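All remarks here apply to the structure that follows.
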Amino acid sequence: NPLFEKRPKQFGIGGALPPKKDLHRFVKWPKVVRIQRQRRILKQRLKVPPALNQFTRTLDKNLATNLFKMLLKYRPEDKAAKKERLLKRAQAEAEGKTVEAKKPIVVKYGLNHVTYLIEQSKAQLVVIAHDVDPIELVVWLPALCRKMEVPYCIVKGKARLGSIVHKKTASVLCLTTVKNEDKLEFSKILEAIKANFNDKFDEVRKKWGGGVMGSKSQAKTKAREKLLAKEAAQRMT
Amino acid sequence: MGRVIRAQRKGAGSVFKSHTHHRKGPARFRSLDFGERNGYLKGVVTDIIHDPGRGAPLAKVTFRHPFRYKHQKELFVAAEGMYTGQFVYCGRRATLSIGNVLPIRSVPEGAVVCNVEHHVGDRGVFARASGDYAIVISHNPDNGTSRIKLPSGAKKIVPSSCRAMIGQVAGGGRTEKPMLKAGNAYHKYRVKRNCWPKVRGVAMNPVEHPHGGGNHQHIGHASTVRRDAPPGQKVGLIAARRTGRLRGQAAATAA
Amino acid sequence: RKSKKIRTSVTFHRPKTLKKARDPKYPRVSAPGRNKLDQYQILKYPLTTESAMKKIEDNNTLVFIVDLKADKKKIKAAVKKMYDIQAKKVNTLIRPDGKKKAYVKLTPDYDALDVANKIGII
Amino acid sequence: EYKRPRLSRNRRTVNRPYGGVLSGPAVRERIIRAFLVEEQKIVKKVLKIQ
RNA sequence: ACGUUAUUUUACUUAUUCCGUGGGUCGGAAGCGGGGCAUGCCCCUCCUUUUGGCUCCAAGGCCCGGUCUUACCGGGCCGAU
RNA sequence: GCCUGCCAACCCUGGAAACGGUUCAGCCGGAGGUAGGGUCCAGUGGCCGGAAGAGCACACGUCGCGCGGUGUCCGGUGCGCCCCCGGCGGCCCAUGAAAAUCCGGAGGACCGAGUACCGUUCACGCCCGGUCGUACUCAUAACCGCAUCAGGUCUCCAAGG
RNA sequence: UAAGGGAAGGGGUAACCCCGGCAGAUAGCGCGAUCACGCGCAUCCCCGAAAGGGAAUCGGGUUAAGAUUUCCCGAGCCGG
């Protein structure tokens, strides 16, 4: 071959640096990475109270996305948008002498605001974040709604809800009113929660803690297999 | 009561400490990548270097192979019959020859070893002092346990994963033949952490030591004090099972 | 720029190692205060002693008494400014006065004797 | 004296490989070892596969 | 029945605890070798392996090559599951 | 600068029994000696350069804060003395530091040109080298003991009988 | 640089103060590099013998004095 001499060479293993390997699973972590991974796992390990683990049984992606399309109309104002609106109204009322704008319809948001709406029964549907770092805050939200018999839904992503409001954590947002046009497809959303929880209150762990552990699952398979072989062979012969 | 006694002085301080720095380096065992069917980590004995810190040698085994994260080098414990330029193999599937270190499971029953691990990676716990060796007493196909009869005579349950080195440790006979000087004794103790002369408790003052005082030479009370006794109180032959000169034996467990 | 996969892949073929990242800095715009030019005159006067006098003749060297923050570099420049001469060495002596005596070796091209006359020294 | 100085390039070295490092009869011992391992290795490899 | 409640024994991985590192090649599966078991249809329900072996050298440029966008320039993938 | 050291070590010749040389420990030679010829470490001496232009001893001069001239050389001896440096030997349950400083080799990427590009660990030439201490005693009187105290207080040089 | 001392970290101790480093380990120091970008790495980092270890000077002359050292001639040598 005029181009080159030795076409095959073995680097690899038994000489040279190996295939990279899963060092995404090994490496020395910063402290923050260590704690965050453990938290989900430990949710299973400790017995999870009746209020929780009603969570994690979340709304479907298809249902969630079409919900947001309705909310596209209702989106709350930005900092710039609100300031802009004041100038328009001020000009119109003073110079034109026109009677005030139509009543605004938007999602109402924030914990204290929305929870009050559940009590008064003003909110038709509330959309509740799965997340939120003080978990004590958000256990109350489906609990209160269920108690008063106001339909609610739990969707994943506190950030996802927050994007709509153009802020940070919304935690909850809700529709007290809806347009007549949106009303038909809004019915599907109301049905949606009672199409994953048309059930009585499942109060998860009786005493159970665990959820299955990688090492234990492998161990259990081996133990089961040995037992099964022995049992079968007594009947057979 | 009294001024504080000499044992409590260990504490910290350079005066009670030895020159640990002068000592020649780590005694560590290089932590196996995997494999090792003859020469996947190949060491070359290039020297057998005396360690002043225990007055017995560790063989200088030089592993040198590159990469970058390769970890290599330095002193595995010397065994008998080792020579310079002989290759040393460290790991799971290593050949059965003297001076090689491998898991105890793959070593057959009835086989003399030096060093054992009292849980994997602690590098050498059982038999390290000269002319001593453990002999691996039992195994069977036991996944859980390798049983080793120690030089203390104790039969110990230890994991089958734990590494041991074939052979007995070198420099044997060291302690057996007598010093025949006070001055020879001084030099050994100087290099290690010990203060050399032993003043007797009788020879000390009553303030310094419980056994001190009295016009004539004598220990005033019973030497044997309780194990449960607190620090300061606890002197003499602590919790002696018997005394006076006859018919004991080595540590003798039964199973 | 950085598409996150790239950082992950670099760590993937490594057994840990160290770190590496960089980030910028900025100086203010408000003008930190105090504008000054508090400055001492390193050369104060040619020092005059019997032992100074002989050296001018002998070895082409004026002898000055100078500041206590003297060196060799600044004083050589100062001598050049104020008396128009090249200085070949500067030599430093602590005195019991608490100031620094300087022996400053001068050029043979313009003699220390005829430098001396206009800043007279005995 | 032995670093970047009045001395010329030659004085730090001997021309042969491992000039300052190994003695010369020591150098040939490792050339012999290099020779033996390569020739033996092919013989070992073909034997094992068969 | 729902478990409730109380003694002790015993076991798992997450608290805690010990130790190992310039966290390395871990675990599980399958590639590829091949053996033993009844070796029967491979033989799973298993055991060895899985690039390095005498032979004071040496194993570093994630490699030459293969392959694809890509005229060369230059970038991937694979070689090394 | 030129030349030069034996022990240690190494190269080549050669093929040893009537085996040799040889250490304070048996070590050279049987993985090649004794012996012959080389090579290396360059402590050191030599002669030359330095460098007499210096210095030393003389004569003469006041010609003085200094004038003119010479001569200053060649051997020998060792259980001497001191120190160094070399390579050995005794010692040990004692086996007797580390770093700045730092070159080498292996490594071969990358860059190599001709009327120029590459070496630039070479020679020669050009400039520069900052900061601080330097007096002097160092003791029967400059230190410490109230103190010009017979005391004490670390080290180097070490004539002749 | 040593024996050793001591900031930095975590943690006790109100606190003084003491061990002494840590998530400088996918927190940045170091080298190409001028071009903005890439590559590489820890047990750090300073003090610690005016005795250890060590970049590099000799001669003559001189004053009240040590002079390789002050001065000066002549000759170097080291680093940039």
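The numbers here are math on the coordinates, done by the rules we state, and not lab data. With ideal geometry, Cβ positions are generated from the backbone for all residues, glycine too; neighbour counts draw on all protein chains shown.
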Strands (runs of 3 or more DSSP E) enclosed by the range B:53-159 - at least 3 residues per element that are more than 14 Å from chain C (Cβ to nearest Cβ) and out of contact with any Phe, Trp or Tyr (no Cβ under 7 Å at 6 or more places or on another chain): B:56-62, B:134-138, B:146-149, B:155-158
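Taking the stated definitions as given, is B:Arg147 under 29 Å from B:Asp51 (Cα atoms) and either surrounded by 18 or more Cβ atoms within 10 Å (Cβ to Cβ) or among the β-branched types (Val, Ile, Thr) (or both)?
Values: under 29 Å from B:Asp51 (Cα atoms): no; either surrounded by 18 or more Cβ atoms within 10 Å (Cβ to Cβ) or among the β-branched types (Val, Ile, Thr) (or both): yes.
So B:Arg147 fails the test.
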Top-ranked residue in the range B:1-42 [being within 15 Å of RNA strand E (Cβ to nearest atom) and aromatic (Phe, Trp, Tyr); ranked as surrounded by the most Cβ atoms within 10 Å (Cβ to Cβ)]: B:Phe29
Neighbours by Cβ (under 6 Å, 6+ apart or cross-chain): first from the range A:1-27, within 14 Å of another protein chain (Cβ to nearest Cβ); second near RNA strand E (Cβ under 6 Å from one of its atoms) and in a loop (DSSP other than H, G, I, E, B): A:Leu17/B:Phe67; A:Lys20/C:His13; A:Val27/C:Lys16
From the options A:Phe26, A:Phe55, residue that is touching a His at 6+ places or on another chain (Cβ under 9 Å) and outside any helix (DSSP H, G or I): A:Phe55
Lone qualifier among A:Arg39, A:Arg57, A:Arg34 - being basic (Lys, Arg) and within 15 Å of RNA strand G (Cβ to nearest atom): A:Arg34
Residue satisfying all of: in the range C:16-48; over 27 Å from A:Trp29 (Cα atoms), in contact with a helix residue (DSSP H, G or I) (Cβ under 9 Å, 6 or more places away or on another chain) and part of a loop (DSSP other than H, G, I, E, B); nearest to RNA strand F (Cβ to nearest atom) among these: C:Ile42
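Okay, residues lined up against (1) in a loop (DSSP other than H, G, I, E, B); (2) surrounded by 11 or more Cβ atoms within 10 Å (Cβ to Cβ); (3) within 25 Å of the chain's Cα centre (by Cα):
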{"site": "B:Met179", "(1), (2), (3)": "yes, yes, yes"}
{"site": "B:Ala185", "(1), (2), (3)": "no, yes, yes"}
{"site": "B:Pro197", "(1), (2), (3)": "yes, no, yes"}
{"site": "B:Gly201", "(1), (2), (3)": "yes, yes, no"}
{"site": "B:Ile219", "(1), (2), (3)": "yes, yes, no"}
{"site": "B:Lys234", "(1), (2), (3)": "yes, yes, no"}
{"site": "B:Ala250", "(1), (2), (3)": "yes, no, yes"}
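Residues checked against (1) of a type in the set (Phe, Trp, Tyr); (2) within 11 Å of RNA strand E (Cβ to nearest atom); (3) surrounded by 10 or more Cβ atoms within 10 Å (Cβ to Cβ):
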site	(1), (2), (3)
D:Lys3	no, no, no
D:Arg9	no, no, no
D:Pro17	no, yes, yes
D:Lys48	no, yes, no
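Sort through C:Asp71, C:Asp58 and tell me the only one that's free of Cβ contacts under 8 Å to residues at least 40 places away in the same chain, exposed (fewer than 12 other Cβ atoms within 10 Å of the Cβ) and within 13 Å of RNA strand F (Cβ to nearest atom).
Going through C:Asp71, C:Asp58 in turn, the sole match is C:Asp58.
To keep it simple, each residue is scored yes or no on (1) away from RNA strand G (no atom under 16 Å from the Cβ); (2) outside any loop (DSSP other than H, G, I, E, B); (3) more than 27 Å from A:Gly14 (Cβ to Cβ).
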position: D:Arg6; (1), (2), (3): no, no, yes
position: D:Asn15; (1), (2), (3): yes, no, yes
position: D:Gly20; (1), (2), (3): yes, no, yes
position: D:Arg28; (1), (2), (3): yes, yes, yes
position: D:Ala34; (1), (2), (3): yes, yes, no
position: D:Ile42; (1), (2), (3): yes, yes, no
position: D:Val46; (1), (2), (3): yes, yes, no
